[PDB]
Structures are given as structure tokens and as C-alpha cells.
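Below you'll find only one chain, the form deposited in one PDB entry, shown as C-alpha cells.
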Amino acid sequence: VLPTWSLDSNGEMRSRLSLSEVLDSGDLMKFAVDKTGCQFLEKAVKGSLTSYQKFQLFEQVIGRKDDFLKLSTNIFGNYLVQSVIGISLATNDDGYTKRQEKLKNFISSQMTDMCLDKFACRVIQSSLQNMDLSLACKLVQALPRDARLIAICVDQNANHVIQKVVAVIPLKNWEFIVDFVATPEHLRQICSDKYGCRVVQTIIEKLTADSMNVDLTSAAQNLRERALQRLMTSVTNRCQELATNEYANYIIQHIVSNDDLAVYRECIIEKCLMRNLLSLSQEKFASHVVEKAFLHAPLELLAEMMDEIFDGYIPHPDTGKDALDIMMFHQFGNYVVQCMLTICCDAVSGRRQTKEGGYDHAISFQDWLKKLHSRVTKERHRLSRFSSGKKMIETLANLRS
């Protein structure tokens, strides 16, 4: 595959082969897509480069559209393109603006195809990270705004381009991605997907006013807050679909677990989880969300949650004597009951705070623990047959000390 003027009598490259010989020969494309040839170029381009060698490298690697696209989508050549891009941005000569402008053009024209390509998406992320801000923002504007943007968010490779944008580009230049994701149909498709949920999760974290965003100005905080409220509105409106989904349940858990998103935790608990705890506790994926709600709900909402379990309506009653008995022995609900019991034991033993709003809720935790202990005592025979039941009994048996 390599041109014969570069091989040995054994079929390998000559030791005294130089970078200028490859650049002057016009056969760089044959080396860059070859295994051992690309690695020669990888070592060569990181040595000392004369003015003309940079001239030749820039032209042949990032100066021709078809050659640039062909190398960016190659299993080996994509590494060479990333190396030359880095050299081009560290070489502040005359054509520093021409080369970066041309590089923008080559990428913008084939933005969707290279995002979806396993190897060219690496060129996108490297360019977003190292290009000047004003140039990197032009690549962001080149992202599609239709159904192709959904395919990017759910692609195994293209989703990292969106994650890179979120990480290194200011929110002002990718706010349209937030409002695209917050569109209900797009949110449904994206949050039902393995890679799409990580994209939405990364967006939520960046839009959170936590310790990592304290460096923002007031204008950047206001912009971030408005984008957060819009996205949270769509998330909370589809909370039932998301909490029960195999992938989106991690997003609802993150929101409920994050103190810096407390307003949306309480919104999720009321609009979605309340009056549905019994049904959701028997769900494979939503039961994890119910555990998080019990762990992190404010004490006023927690009291309503406890009261819903202890004296809750069972519409269309069949099996189980009450909601507590159903959950106590259900294959998934038993983890919720263990969570309820551990919360109450931690509160009674001074391991969990019982004061909120200035008033102590210890008397309520005492009442909930008394109900659970009374139930576990009367059910001890059947609980002894289950792993969960053994742990519930031991939890109450260890609180005696």
C-alpha cells in the first residue's frame, strides 16, 4: 500500500526516511491511512518543523477539503488531522486566520456527517476545544436543527460532540440546543435513549447553580437560570414517563437527589410521585426514584409520603391487606420499605436531622417507626423467610442499643 520508493529490501521503511521526502512526494495520503506510515508521521510532526514543512503540512492535511474529510474519517488519519490542527493553532504566522477560517468551512459544510462518524467526531471535539472561541462558536451554529440533531444526541459517537459543546462553549452559543431538547417530542425520544440521557444529564449539570458555576457573571447566571427553568418544565411535565423508563430514571433521581435543584425535586414529588407511591414502588425502575424521594424530600413532604403509605387508598383492591403489606413483600417495593425504616431509625437515633423550618419533626418519625416496628413484629414469621425481612428485623433489633 506504501509507495515503493520508501521501502527496504525487507519491505519496511528506511530508517533515514525524512518528513520532507513524504511531503514533497505528494504521497502523504498513502502514509496517513497506513498503519506504520501514520505513526511515522505522528512522531515526525511533533519534532522541529521548518517554516516550509509547516507550510506543506497545513496545505496537505487541513488545506484540501476532500483530503481533510478523507483523513478525518480514517481510523489512522484522524490522529494526524488532530495533530496538524494543534500545530496550526500554535503557529501564529501570517495565515493563522486564513487556516482557522478554512478549517471552520471544511467542518461546517459536513458537520452532521462528521459528528456521526466514529473518527471524524474526534476531529470535531478537538477543534471545539482548541479553536479560538469565535471560530468554535461557528462550528456550533453548523449543527442541524431538525431530526438530525436527535440522531446526534443518541449516537454512540456524536453524543460526545454535544457533551464537548456543553463543556467548553458558553451557554449563549448553544442555548438553542436546550430549547431543542426541551421540546416534548424531542425530549421523549432523547430521554428514552442510552446515550441521549447522558446528554440531557450533562446539560442539567452545566445549568445547575452549584459550586462549579460560582465564576459566572450575573448575566451568565440569569441566562443559565432561564435555560434551567425551561428545561425543567419539560422534564417535570413528562416526569411519569421519565421516572419509569430504563434510562431516564437516572435523571429524575439526579434532580431529586440534588439540593441545588430543590425546587424541582419538590415539583417532581408533588406533580408526579404523590398519590402514586404504591404503584411506583412496584416498578423496576421507578422504585429507585421513590427511594430517592424518601431520602431527600423536605420533612413536610416526607410526612405526606409516610401518611400515604401507612393509610393510603388502594384503588381496585385485590391482594395484600394494605399498601404497607404489598410493598413490604414485593420484589421491588421491599427496598422502599427498608428505605423508610432506615430513615426512621436514623432519625430516632440522632443520625438524621429532624428539624426543618425551625420545628422538630422527631415526634412524627417516632410515630412512623412505631408503626413499622409494630408491623414487623406481627409479620416476623413471614419476614424471616426473605432476605429483606431479615434485614428489617435486624435493623429494629440493632436500634435497641
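Shifts are known only where both forms have a C-alpha. Numbering starts at 1 and runs along the sequence shown. Just so we're on the same page, rigid core means the largest C-alpha set that superposes within 1.5 Å between forms.
Below: the form solved in complex with a partner chain, not depicted.
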**Message:** Please identify the residue among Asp179, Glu246, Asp322, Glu241 with any heavy atom within 4.5 Å of the partner chain in the entry with it bound.
**Reply:** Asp322
**Request:** Could you spot which one of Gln100, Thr202, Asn74, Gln282 gets a heavy atom to within 4.5 Å of the partner chain in the entry with it bound?
**Result:** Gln282
**Request:** Flag this candidate site as yes only if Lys43, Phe55 and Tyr79 all have a heavy atom within 4.5 Å of the partner chain in the entry with it bound; otherwise mark no.
**Result:** no
**Message:** At 4.5 Å between heavy atoms, is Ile326 in contact with the partner chain in the entry with it bound?
**Reply:** yes
**the partner chain contact at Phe365 in the entry with it bound, heavy atom, 4.5 Å** = no
**Prompt:** Does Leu278 make contact with the partner chain in the entry with it bound, using a 4.5 Å heavy atom cut-off?
**Reply:** yes
**Message:** Please tell me whether any heavy atom belonging to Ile314 falls inside 4.5 Å of a heavy atom of the partner chain, as the geometry stands in the entry with it bound.
**Reply:** yes
**Prompt:** Quick one: which of 304 to 312, 220 to 228, 153 to 161, 135 to 143 gets within 4.5 Å of the partner chain in the entry with it bound, going by heavy atoms?
**Reply:** 304 to 312
**Request:** State which of the options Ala209, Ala220, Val168, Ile314 undergoes a Cα shift of 2 Å or more between the shown form and the other one, taking the core as fixed.
**Result:** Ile314
**Cα-Cα trend for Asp318 and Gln282, given that in the entry with it bound the distance shifts by 3 Å or more** = farther
**Asked** After superposition on the rigid core, which segments of 3 or more consecutive residues show C-alpha displacements of 2 Å or more between the shown form and the other one?
**Response** 13 to 16, 313 to 320
